[PDB]
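Student: Residue numbers (our numbering), protein chains in the order written: chain A, 3 to 304; chain B, 416 to 717. Backbone N, C-alpha and C define an ideal beta-carbon position, used for all residues, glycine too.
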């Protein structure tokens, strides 16, 4: 029993974390095979930077890459979108089975927060619909990475680049493409209005039911069209047929059809929780995907 | 900025997890140097549930009765001994991935990370706190026994919890790594109930300081309180008494924010009376009590 905000075991990623220093900037790099990936803004105050330009001046020995107390030597440097690729002369013997994947808003992943190439914390979060992440990052955390694990395979999906003025965070995939309408320079940038991830709330309500927490269930069911009218009123993401289909396993396990659970969610959006809680929370959690709920409520291992 | 329920990187513990089997029972073990630690109730049968005589059961065991598997490698048990409620399996191989480590027994309100495992394989990592009633609100399924809770000091893993059982309310009970249960619990299927839980007041106050550090002030007020008046109120909300130790411990956060501890206590009093009025603190509509003062300083300041 129990339901916790659960991250993937971070060991496969810890063995990949290195420190990258260049000029006065120090941040984290991801050492996979013989390449260290890191944010391109480690490059050498021009506030509308010309990254390629500044990069050609750079010598390989300008990039001080520190793997534990062992210093790697850079033998090449190239650039892909907002990520710098530093070719090193040694393949990481700890390189896990891995892929680079780009995730969709609403999908969850684990962040290994690092400082000076040293892992210091791991937490689970979701890519918000406004493409930010509500993370926990201090100065020096840039280059910390987000990931999922499937079996023995690490899917790297996120690299941290910056904090927005509201305190939420922005970054790229491992191919250097930003999540959301952000750029890696000093300019006025703001997170858009965020919305709640409806399918994840429903998944979490199924988790609550599996854990015996049932007071919000009601006899009623609604339509996809009626619910999305209510959802848009409450700044909830639209629920699609694909979302219903993905919730299928939880619907079958619980006896609660998705549109049946939607009538519960609607009631709750319109009436509140009335001082009651669900899985120890007085808010509707939206950072558990349907797969997270199945995975934590069945004990899948890595 | 930002505040997340954050676990320690689990890799140093992942490299220690093994599978231990006696007869029909399989659970997790902790392999450090040449000793595997696991809950002694792995030697129980379906008939030894209510009143096992572990000394009698263990004396009947021979080393080859213990099937210990590390990955695909079966370890060979060369000796066994019992220390309180943990079994210590001496094996012929020292774990080459043994971190610097130490066994620490923690006090209620202390937090730690749990690496939930099944069949010796890590499933996920989450953060917990030892409740005042000596349970933990974990996320465990069948086969999770022997999963451990831990903290990390620089590079030293402090093992503080080993999972043994789930109580009827769905909360969890376990031992330190010397085999001593936290709380009045025993490794028997005899009827056992968690005492009424209470809120870890000092942790809530730390979290309110974390909220202030992260820019939120709406819950502050112009009042202070005496320590005794605060505890008289808090006890009526099933909050733990706040001691002078706790006041001392909140000193650094008081200094960093400019809000005296007894001043913040007056804010907590008011929040207890009023609730949040549709507002949140650090993204929560409830008062969070599973962040210690040490946690807050580490995550908010470094």
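(1) Rank 488(B), 575(B) and 543(B) by C-alpha distance to the C-alpha of residue 516(B) and give the top, closest one.
(2) Skipping 5 residues on each side, what residues in its chain have a beta carbon closer than 7 Å to that of residue 421(B)?
(3) Quick check: the Cα distance between residue 295(A) and residue 206(A), rounded to an integer number of angstroms?
(4) For residue 76(A), which beta-bridge partners are listed by DSSP?
(5) Under 7 Å Cβ to Cβ from residue 613(B), same chain only, skipping five residues before and after it: list those, please.
(6) Under the rule that 16 or more other beta-carbon atoms within 10 Å means buried, what is residue 526(B), buried or exposed?
(7) According to DSSP, is residue 170(A) helix, strand or coil?
(8) Considering only the alpha carbon of each residue, which of 145(A), 104(A) and 102(A) lies closest to residue 121(A)?
(9) Give the DSSP-derived three-state secondary structure of residue 21(A) in the structure shown.
(10) Secondary structure at residue 424(B), three-state DSSP: helix, strand or coil?
(11) Kindly indicate the opening and closing residues of the beta strand (DSSP E) around residue 152(A).
(12) With residue 120(A) as the anchor, note down where its beta strand (DSSP E) starts and where it stops.
(13) How many angstroms separate the CA atom of residue 105(A) from the CA atom of residue 248(A)?
(14) Within this structure, are the beta carbons of residue 15(A) and residue 114(A) separated by less than 7 Å?
(15) If you draw a straight line from the alpha carbon of residue 151(A) to that of residue 618(B), how long is it in whole angstroms?
(16) Taking C-beta to C-beta, are residue 645(B) and residue 686(B) nearer than 7 Å?
(17) Using CA atoms only, rank isn't needed, just tell me which of 606(B), 705(B) and 676(B) is closest to residue 528(B).
(18) Hey, out of 55(A), 85(A) and 3(A), whose CA is closest to residue 29(A)'s CA?
(19) Quick one: grab the DSSP three-state call for residue 640(B).
(20) Residues in the segment 281-299 of chain A with C-beta within 9 Å of chain B's C-beta atoms, listed in sequence order?
(21) Relative to the alpha-carbon of residue 535(B), which residue among 553(B), 519(B), 559(B) and 551(B) has its alpha-carbon at the smallest distance?
(22) Compare the C-beta of residue 556(B) with all C-beta atoms of chain A and state if any pair is closer than 7 Å.
(23) Quick check: residue 280(A) and residue 210(A), are their CB atoms within less than 7 Å of each other?
(24) Just checking: is the beta-carbon of residue 9(A) within a distance shorter than 7 Å of some beta-carbon in chain B?
(25) Taking its Cβ as the centre, do 16 or more other Cβ atoms sit within 10 Å of residue 306(A), making it buried, or is it exposed?
(26) Quick one: is residue 153(A) near chain B, going by C-beta distance under 7 Å?
(27) Note down, one range per segment and in chain order, each alpha helix (DSSP H) of at least 4 residues found wholly within the segment 174-234 of chain A.
(28) Between 200(A), 204(A), 162(A) and 199(A), which lies nearest to residue 184(A) when the distance is taken from Cα to Cα?
(29) So with CB distances below 7 Å, who are the chain A contacts of residue 413(B)?
(30) By alpha-carbon positions, which one of 21(A), 50(A), 78(A) and 293(A) ends up nearest to residue 60(A)?
(31) Output needed for residue 616(B): all residues of its chain with C-beta closer than 8 Å, excluding positions within five of it in sequence on either side, in chain order.
(32) Closest to residue 25(A) by CA distance: which of 57(A), 139(A) and 227(A) is it?
(33) Skipping 5 residues on each side, what residues in its chain have a beta carbon closer than 6 Å to that of residue 256(A)?
(34) Within the 7 Å Cβ cut-off, does residue 565(B) reach chain A?
(35) Looking at C-alpha atoms only, which residue of 419(B), 678(B), 716(B) and 690(B) is the closest neighbour of residue 128(A)?
(36) Roughly how far, in whole angstroms, is the beta-carbon of residue 96(A) from the beta-carbon of residue 17(A), given that I think they are within contact range, below 8 Å?
Tutor: In brief:
(1) Across the set 488(B), 575(B) and 543(B), the C-alpha of 575(B) shows the shortest separation from the C-alpha of residue 516(B).
(2) Once the five neighbours on either side are set aside, the close Cβ partners of residue 421(B) are 542 and 714.
(3) Straight across, the Cα-Cα distance linking residue 295(A) with residue 206(A) is about 7 Å.
(4) 90(A).
(5) If you ignore the 5 residues before and after residue 613(B), its C-beta comes within less than 7 Å of the C-beta of 547, 653, 654 and 655, all in its own chain and listed in chain order.
(6) Answer is buried; the Cβ neighbour count reaches 16.
(7) Here residue 170(A) sits in coil by DSSP.
(8) Out of 145(A), 104(A) and 102(A), 145(A) has the C-alpha closest to the C-alpha of residue 121(A).
(9) Note: residue 21(A) maps to strand in three-state DSSP.
(10) Coil.
(11) Run containing residue 152(A): 147-152, per the beta strand (DSSP E) assignment.
(12) Counting along the chain, residue 120(A) sits inside the beta strand (DSSP E) bounded by residues 120-128.
(13) Distance between the alpha carbons of residue 105(A) and residue 248(A): 16 Å.
(14) For residue 15(A) and residue 114(A), yes; Cβs fall inside 7 Å.
(15) Going from the Cα of residue 151(A) to the Cα of residue 618(B) covers about 32 Å.
(16) Contact annotation: residue 645(B) and residue 686(B) have beta-carbon atoms that are not nearer than 7 Å.
(17) For the residues 606(B), 705(B) and 676(B), the minimum Cα distance to residue 528(B) belongs to 705(B).
(18) Minimum Cα distance to residue 29(A) is reached at 85(A).
(19) Here DSSP, grouped into helix, strand and coil, assigns residue 640(B) to coil.
(20) Residues of the segment 281-299 of chain A with a C-beta less than 9 Å from any C-beta of chain B: 282, 283, 284, 285, 297, 298 and 299, listed in chain order.
(21) When the alpha-carbon of residue 535(B) is set against those of 553(B), 519(B), 559(B) and 551(B), the nearest one is in 559(B).
(22) So, interface residue.
(23) In terms of Cβ geometry, residue 280(A) and residue 210(A) form a close pair [threshold 7 Å].
(24) The C-beta of residue 9(A) comes closer than 7 Å to at least one C-beta of chain B.
(25) Residue coverage of chain A in this structure runs from 3 to 304, which leaves residue 306(A) outside it and unanswerable.
(26) Judged by the 7 Å Cβ criterion, residue 153(A) is not in contact with chain B.
(27) With a minimum length of 4 residues, the continuous alpha helix (DSSP H) runs that stay inside the segment 174-234 of chain A are 200-212.
(28) Residue 184(A) has its Cα closest to that of 162(A), out of 200(A), 204(A), 162(A) and 199(A).
(29) Nothing can be reported for residue 413(B), as the shown portion of chain B is limited to 416 through 717.
(30) The candidate whose alpha carbon is nearest that of residue 60(A) is 78(A).
(31) Contacts found: 649, 654, 655, 656, 657, 661, 683 and 704.
(32) Among 57(A), 139(A) and 227(A), the Cα nearest to that of residue 25(A) is on 57(A).
(33) Beyond the five residues adjoining it in sequence on each side, residue 256(A) comes within less than 6 Å, by CB distance, of 208 and 211 in the same chain, given in chain order.
(34) Residue-level contact by beta carbon fails for residue 565(B) and chain A, as no gap is shorter than 7 Å.
(35) With distances taken between Cα atoms, residue 128(A) lies closest to 419(B).
(36) Yes, they are in contact, since the Cβ atoms of residue 96(A) and residue 17(A) sit about 3 Å apart, within 8 Å.
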